[PDB]
Structure formats: structure tokens, C-alpha cells
Amino acid sequence: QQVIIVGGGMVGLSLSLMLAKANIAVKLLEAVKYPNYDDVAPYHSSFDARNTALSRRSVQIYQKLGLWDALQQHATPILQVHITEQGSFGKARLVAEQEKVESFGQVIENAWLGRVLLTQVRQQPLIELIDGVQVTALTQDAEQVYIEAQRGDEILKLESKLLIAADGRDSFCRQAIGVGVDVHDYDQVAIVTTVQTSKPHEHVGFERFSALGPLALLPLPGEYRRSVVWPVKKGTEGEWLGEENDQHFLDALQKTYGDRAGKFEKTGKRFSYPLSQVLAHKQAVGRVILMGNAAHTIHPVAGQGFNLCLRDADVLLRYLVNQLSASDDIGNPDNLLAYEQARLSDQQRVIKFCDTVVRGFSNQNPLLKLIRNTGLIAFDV
Amino acid sequence: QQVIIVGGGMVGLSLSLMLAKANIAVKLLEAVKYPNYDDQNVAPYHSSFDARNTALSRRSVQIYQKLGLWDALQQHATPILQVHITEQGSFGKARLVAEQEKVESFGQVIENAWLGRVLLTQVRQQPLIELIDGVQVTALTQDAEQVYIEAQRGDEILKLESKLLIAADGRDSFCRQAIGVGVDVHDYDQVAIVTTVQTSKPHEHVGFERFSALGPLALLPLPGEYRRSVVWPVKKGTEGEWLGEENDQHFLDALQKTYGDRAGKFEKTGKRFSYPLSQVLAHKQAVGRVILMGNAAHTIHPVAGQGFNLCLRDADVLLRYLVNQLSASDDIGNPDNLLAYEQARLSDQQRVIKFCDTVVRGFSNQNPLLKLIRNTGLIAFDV
Ligand SMILES: [Cl-]
């Protein structure tokens, strides 16, 4: 092979497929052992399964890869958004209609996204899948990267002209190349789950600004299934978590939305992850490049930062293919530095956008602050 | 009498009525001669298409309610019950509809001619208000005890004294220049084109605003069910293609092209007034026994109401300082009491001025509804 990718997640699996499509062989390393579904294995969307909001560029990226036709089987589009409020300024409704395909994006089930990616990777002869290995050494010289993976008793020694590190927020390769991270924490915790409503969503996403905070209702592939996103202050998560508070969670959703979504009949397990940002100081060190959560972990945004990672993968694929037009060295360090410079503006804009979204959770009645900020009618403050 | 208000506009008339309600006699001066309405059938009241309007806040209506005047003022004042903001963009189409919860919260749009008529009529029936019209103040001096002014009627020279002088004589206030107070001017490179239009569809107390390349185009209701006020900020230098009788059809075509059929056909437009968006601030608002009120203290244009709602709040707070001062002294124009009032108003005026900058800077913001849909983290976008 020519390229080594450390980390076999959504980003790593997607990056290996883009390289294989560009006729670039790749060794993919992953710590966990993948399920070998060999007759066969029936996919069923679980109430406790996680979801991901894909942007239009992410859908287009998978379209060029020829994978969206399969990914669409368990992904639904968002056609409209309905935003409402009822505070000390009046009731207001914001309805936005989509007209271009996937402008509001698609909500895909995570289990289906990884299954399609894993199945297609195993069909590509240019991708050598090496699961059950944990990298424990990484060195560099002027010509190659050297890694030592551990497989129980065996030692695995590999080398390549370029190493792509996509091993998650707690990346091992990032600390091996001596790169620190900056951590920004927020006093918020996102409560996500999957509920079942008597009324179908009809590809409409909902959000209600209440005293409990912004309560989201995203459509799911199931016509009567919805994905809830509910950020709250740290410590307030215990009131809604656990099987003991299943109906209490449904009661808060019912009294907030009333009958706009019908009756909240069932709910799954409520997941909680603190809102924070883990940003690496650098992304390119010699012939090693950080991709995904190894470079930046931005969870509070829609898509959990996955759309930004897919853009990094698409752009890196171009910088490597264009480099191969000039020489046989796909791991040209100056090319990796130029790639990082080309991604700086988009990454900083998303990182700043994440700060705006989290600080916006405190803003109740934002539709009527927009009405006031027009200066058209006379409020009194 | 005892208090002299210089300026017989909407502010001076309101202030004189507020002082009269508090049992405070007041002399009111004005440069223009007022038309005694009486029995002259030649001149009743008409809602002219070239007349100005004012958006009154809830507290402003509450102030006129305490004065027993809103029952008559409502005859030519309409409430805003809904606000519809539309927007079209590359990503799609969005609409925001905001309704009213409590009465008067969205405000009332009153005709300026009717407001001045009711105020002037009520002032003339108030014995505690001495109305002196056709007088122009040509001199203003002051000592430790009184203010001295000299007004001219052409041949008659009027000399008046008072313990307190309330200067409400407009943006080019003579009293502000007499006490030696300069102004600070903050200018924007935009002017606002306002006018009154008539539409085939009734507005039904619904105010509209559409964002486009022309800038934010506002359509607000008026007392006439088919009358609407247009608020249109443009860049300085391009207001000529909309002003003038020869551009009446050019102006109506731009309204029809922006709103389509949401307001029916734009049948008729009045004269287009173009006033520059700017803030004129007096360096000081109180010097001795002279105090500035209205546009004499701060001319505020970009916001709805043209600062009038701020002036009524200024007058309401001023009455509280004057009434309490009279409860402990006979000097209603104590300079230190006026200075304590000015500092207490600094917070309100400064936040209105900052709100003006926020409004003006928002004109350059096209597609604001989509930005709100983006800034909530609901769906995945990319810019
Ligand atoms: Cl105002």
C-alpha cells in the first residue's frame, strides 16, 4: 500500500473509500473488531440508536462516492423547519420551506451509515482492513513514517509515505507527534433520544424555545419517529435520565409541544454528553496528518462535527491527488501544510459558530428579538 | 404663570398637559399661530396622504390614558396586531408571523395631525396653561434665581420670567444655542424614504417587512383600513429616482414588485419624505434652570416613533422629579434637581442610541430569518 489510516470510524472508513476511488491503496487500522455478518444480518432501527444530521455537501460527497443510494434507505430529508415561542412578547412562528434538494440536509441512522461504509470497504481490494490492533509506537524520518501496532502477543510493524490519523478525540498519534490540545467546556449538556409520535413528522423539523431550553424535534427515517435534542444546564440532566423518568420525559415533551406532533407515545433511552470543544494545536507534522476528532472535536453543532470532518476528507483527497500529479510522494510534508492552511478558515468558522449556538441556548424568545431589532414597531423594553 | 415651555409641538403640548394634571401652572410659547377650529366649516380634519405618522409605544398610550386623552386620540390611531416578515433566498423561503398577546404591546400608529389637534384642543381648555402663540424667543439669560427670555411678535417685545424653562423647540433649538450647548452628530450613509400609500387589500392591522436588494421594505398599517405607511432605507444618492411627482409610478412599481399581491394593488402614494438617519445629541441637557426636552435634547431617527416614546418617558420621569421637588420646596427649577434627573435618564437614552445602531446595521443584513434558523443548531448548513 501507500497510505496508512489509523482509526476505523465513520471518518476513517469514508477516507479510505475516497482514496480507493482515486486508485490509492490504503491500510486501515482499527482497535475494535468489526462484526463479520455472513448470513445474513437484518437491519432494524433501534429506539436507542444514534442519528446524524448530514449537510448538503455531505450528501453530495457520498453521491460522488456512489454510496448515497444505499445510505438513503435509512435516511430522511428535512423539508421544512417550524420554530415557535410563547413568552412576554407574543406568540411567533417561523416556517422555512426548502426548494433545493437537501438544503436542510438529511438525518441518517448511525448504524446504517457504518454498515454501508464497512460493507463497501470490505469489497474494495485496495483497502486492507486490519482490525483488533492498537498502535503503540510512531516515529518519523525524512522519507517514511514507522508505526508499531499490537495484536495481543504479535508485533505489527508497518510503514508508509503518509499516515492519516483519525483515531478519535483521544488520538494516540497526535500525542505521539507531540501535539497538544485546547479544551473549551460549556455549562450545558445535550439530552438526545428517539421518540414515537402519533402524528407523522412529514420531513418537518421542530424547535420550541421554552423555559426548559430549546427543545428540538428532528425527523427520522421512520415516518412516526423523531429525534429529540434538548440542551440543559449541567446537573439538570438527572431529572430526565433513566427508565424511572420515562413518562416524566414524555410529559415535558407533551406540555411543550402540545398537539403539534400528536401524542408522544414512546421514548427510548436518553443519552447525555457534555458540550465541549477539543482542538489540536496542529494538524500536520511531517508526514502525519490529523483528520476528524483527532484534529477537532465539535459536538454541540448539528451533525456532531461530522460534516466538517467529511469536508476535511474531501479536500485532503484533492490535495493528495494533485500532489501525485507532480511526484510519487503522496506524503509530501509541504503539501500537508498547504492542506491545513486551506482548511483553517472553514474550521475556525465552525468553531466560532459552535460558540454562537451554545451561547444562544440562553436566549429565550429569539424570534421576537428579531422583530424588535427591525426597529419597525415600538416596544418598551 | 410659573413654568415656561418653549415649543408648542407634540412634546411641548404633552409636557404642558402633564404639568397641568400635576396642578402646575405653565406658560407655553410657540412660533406658529394656531388655527382656532371653532365653527369654520371650511377646515375640518382630513387624513392627508402627505401627512406624517408616529408609532406610539404601550407606555406612551398609557401616559395619554392617564391624561384622559386616548379616547379621542384613538379616533385616528390604529393598533398593530401582527408582524409578517418574509424572505426569499438560495436556500429556500421563510416567513415569520408574530402575533400580539397583551393589548397595545405592539403599539399604535397615530396620525401626527390628529395628535396635534387633540393636544392643542385640550391645552386650550386647561386653565393652568397659558398658551402664547406667534412668539419667537430671541433672547435667553439666567441668574441664580430666574430665567429671563425675550420673545418677538414683530413689533411686540415680550419679557417673561420663570423658575424653570423647558426647552422643546426642535432640533435647531434656539434655547440650546442660547445656553451655549453644542451637539454631537453621528451620521450614517443612509436615508429613510417614508410616505403613505393606499392598497386595494385591507391591512387588517398587519405590518409587513420584506428583505431584498432594495433594502428592507416595511409596510405598516395606518388608521385608514386601506392606508399603509412605507419605511424604506436606501443609500444616499439614490433617493432621487423615487422622489418627485414624475416618479410616482416608479415608486408604486417598486412596491408592487416587492410585495406582489400580498397587499393587493398599490393604487396611490403620497409625497415621499427622505430624512437622513442620524443621531444629534446635545452635549448637556440641563444648564442651570434650563432643561432640554424632545429633539432639543436628542434627535433620534432610525427607530420607530422618532424618539417620541423616549420623550414621553423623559417627560414622565421629569414630572416625578418636579412633583417631589415641589413637596419640599417652592423652587420647581432647582438646578441640582434637574441634574439629578438628567443622570437618571442617561441609561435609557444611551440604550436607545445603541439600539439605533443595531437597527441601522441590520439594514445591511439580508436574509435574517435564515440566519436565525442557522444560529440555532437545528439543521446542518454550510457557508
Ligand atoms: Cl421612540
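Residues numbered from 1 in each chain as written, not as in the entry; some residues may be left out. Chains lettered and ligands numbered in written order. Heavy atoms only, no water.

- Per the deposition metadata, X-ray crystallography was the technique used to determine this entry, at a resolution of 2.60 Å.

- The PDB entry annotates chain B as 2-polyprenyl-6-methoxyphenol 4-hydroxylase originating from Acinetobacter baumannii.
- The record deposited in the PDB is entitled "Crystal structure of 2-octaprenyl-6-methoxyphenol hydroxylase UbiH from Acinetobacter baumannii, apoenzyme".
- Recorded in UniProt for chain B, the comment headed Sequence similarities (unreviewed entry) runs: "Belongs to the UbiH/COQ6 family."
- A UniProt comment under Cofactor (unreviewed entry) is attached to chain B, and it reads "FAD". (UniProt positions renumbered as here; feature names shortened; annotations may be inferred.)

- The name given to chain A in the PDB entry is 2-polyprenyl-6-methoxyphenol 4-hydroxylase, and the organism recorded there is Acinetobacter baumannii.
- UniProt's Pathway (unreviewed entry) comment on chain A is quoted here verbatim: "Cofactor biosynthesis; ubiquinone biosynthesis."

## Focus: the overall build of chain A
Thought 1: The helix and strand tally for chain A stands at 9 helices and 21 strands.
Thought 2: Counting only C-alpha atoms, chain A reaches 70 × 50 × 40 Å along its principal axes.
Thought 3: Expressed as a percentage of the 381 residues in chain A, the buried residues total 56%.
Thought 4: For chain A, the computed accessible surface area is about 16000 Å², with 49% contributed by carbon and sulfur atoms.
Thought 5: Separation between the mean location of the 39 positive side-chain charges and that of the 43 negative ones in chain A comes to 6 Å. (Helix = DSSP H or I, 4+ residues; strand = E, 2+ residues; numbered from the N terminus. Buried < 20%, exposed > 50% of the residue type's maximum accessible area, 1.4 Å probe, protein only. Areas by Shrake-Rupley, 256 points an atom, 1.4 Å probe, with all protein chains shown as cover. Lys, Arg positive; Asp, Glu negative; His and termini not counted. Charge placed at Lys NZ, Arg CZ, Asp CG, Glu CD.)

## A look at the packing of aromatic side chains
Thought 1: Under the criterion given, the structure shown has 15 aromatic pairs over all chains.
Thought 2: Centroid distance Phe104(A) to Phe381(B): 5.9 Å. Interplanar angle 65°. Geometry classified as edge-to-face. On the criterion of chain membership, the pair formed by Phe104(A) in the loop between β6 (90-98) and β7 (106-109) and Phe381(B) in the segment after α9 (368-374) is interchain, its members lying in two chains. For the pair formed by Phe104(A) and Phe381(B), the shared burial category is buried.
Thought 3: Each residue in the set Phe104(A), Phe91(B) and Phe381(B) is aromatic and connected to the rest through ring pairs, giving one cluster. (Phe/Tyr/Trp six-rings, centres within 6.5 Å; stacked < 30°, edge-to-face > 60°.)

## Some details on helix α7 (residues 306-324) of chain A
Thought 1: Across its 19 residues, α7(A) extends 27 Å between first and last C-alpha, which sits within 8% of the 27 Å expected from 1.5 Å per residue.
Thought 2: For α7(A), a buried count of 14 out of 19 residues is recorded, marking the element as mostly surrounded by other parts of the structure. (Expected span 1.5 Å × (residues − 1).)

## A few points about the side chain of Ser162(B)
Thought 1: Topologically, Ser162(B) is positioned in strand β11 (residues 157-162).
Thought 2: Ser162(B) has contacts with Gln2(B), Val3(B), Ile4(B), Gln146(B) and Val147(B), leaving out every residue within four places of it along the chain. (Contact = heavy atoms within 4.5 Å.)

## Things to note about the interface of chain B and chain A
Thought 1: In this assembly, 48 residues from chain B lie in contact with 52 residues from chain A.
Thought 2: Area buried by chain B at its contact with chain A is led by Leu372(B), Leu378(B) and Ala380(B), which between them contribute 16% of it.
Thought 3: In this assembly, chain B and chain A are joined by 0 salt bridges.
Thought 4: Counting across the chain B and chain A interface gives 12 residue pairs in polar contact.
Thought 5: Sort the elements by how many residues they give to the side of chain B that touches chain A and strand β6 (residues 92-99) of chain B lands first, with 8 residues.
Thought 6: Across 7 bridges, the pairing between β6(A) and β6(B) is antiparallel. Residue pairing across strands places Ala92(A) opposite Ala98(B), the latter belonging to β6(B). (Buried area = accessible area lost by both parts, 1.4 Å probe. Salt bridge = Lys/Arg side-chain N within 4 Å of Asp/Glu carboxyl O. Polar contact = N/O pair within 3.5 Å; in protein donor to acceptor, adjacent residues only side chain to side chain. Pairing = 2+ DSSP bridges.)

## Some points on the UniProt feature "domain: FAD-binding" (unreviewed entry) in chain B
Thought 1: When the UniProt feature table is mapped onto this chain numbering, "domain: FAD-binding" (unreviewed entry) sits at residues 2-354 of chain B.
Thought 2: Structurally, residues 2-354 of chain B is divided into 27% helix and 34% strand, and its ends, taken at the C-alpha atoms, are 37 Å apart.

## Some words on helix α6 (residues 248-259) of chain B
Residue and element names in this part refer to chain B.
Thought 1: Counted at 1.5 Å a residue, the expected span for α6 with its 12 residues is 16 Å, and the 17 Å between its end C-alpha atoms agrees.
Thought 2: For α6, every residue scored as buried is listed here: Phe251, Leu252, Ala254, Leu255, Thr258 and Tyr259. Angularly, the buried residues of α6 cover 155° about the axis, an arc narrow enough to put them on a single face.
Thought 3: Phi for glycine 260, located one or two positions after α6, is positive at around 65°. (Arc of directions from axis to C-beta.)

## Quick word on the sheet that holds strand β4 (residues 77-79) of chain B
All names here are of chain B.
Thought 1: Spatially, β3-β7-β4 is the arrangement adopted by the 3 strands of the open sheet, whose pairing is antiparallel. Because the sheet does not close on itself, it has two edges, and the strands there are β3 (53-56) and β4. Neighbour-to-neighbour, the strand axes of this sheet turn through a mean angle of 20°, independent of strand direction.
Thought 2: Summarising the sheet, β4 and strand β7 (residues 108-111) pair through 3 bridges and their orientation is antiparallel. In the strand pairing of β7, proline 79 is matched with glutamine 108. (Axes fitted to C-alpha atoms, helices over the stretch in contact; angles between N-to-C directions.)

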